[PDB]
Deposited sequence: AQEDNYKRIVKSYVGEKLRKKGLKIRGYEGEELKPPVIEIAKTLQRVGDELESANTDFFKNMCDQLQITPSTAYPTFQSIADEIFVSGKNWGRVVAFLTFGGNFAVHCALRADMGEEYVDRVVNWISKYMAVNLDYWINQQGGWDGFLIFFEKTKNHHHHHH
């Protein structure tokens, strides 16, 4: 329900990243999404700003996590919790989505992790927002507020 609402946004964000890198994942073959895309456009724009200002971090993120099938989900939960442990703001929501996107596109497609982890991570990201972030987000006006805040 609400988890689905977030997955729609996360799916499109990850799908564009997948296609830039050149991958062709099942379920992310294309963007038929068409006013909701305005959320996608803002997320890609400000998401790309944050990683282009900290390139070396995201370039080497997977090498430090050394994710395996045993540690992928616990590592995701632990890092996400630590992003918001001392508070929430729209900027941190973005940081969390850029972490997730890079987590699904790069670390999830390493040799020891198959394509099946792309959709799993997207689900982890979506469930996390619906369970842990939905209250604050609707406090700040939902996605409409997200849009106004980043222009």
| query | finding |
| --- | --- |
| Deposited positions without coordinates, collected into consecutive stretches in sequence order | 35, 153-162 |
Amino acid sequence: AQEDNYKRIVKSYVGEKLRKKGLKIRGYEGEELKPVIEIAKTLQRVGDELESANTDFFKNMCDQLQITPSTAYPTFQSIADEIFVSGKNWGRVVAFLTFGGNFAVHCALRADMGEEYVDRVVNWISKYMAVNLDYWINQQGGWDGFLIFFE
From here on, numbers count along this sequence of modelled residues.
{"query": "Average Cα temperature factor in the PDB entry - higher stretch of 128-136, 19-27", "finding": "19-27"}
{"query": "53-61 versus 95-103 - which carries the larger mean C-alpha B factor in the record", "finding": "53-61"}
{"query": "Relative C-alpha B-factor of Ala108, binned into the chain's lowest, middle or highest third", "finding": "middle"}
{"query": "Chain-wide C-alpha B factor ranking for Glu32, given as lowest, middle or highest third", "finding": "highest"}
{"query": "Chain-wide C-alpha B factor ranking for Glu38, given as lowest, middle or highest third", "finding": "highest"}
{"query": "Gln66 - Cα temperature factor, lowest/middle/highest third of chain", "finding": "highest"}
{"query": "Position of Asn123 among the chain's modelled residues by C-alpha B-factor, lowest, middle or highest third", "finding": "lowest"}
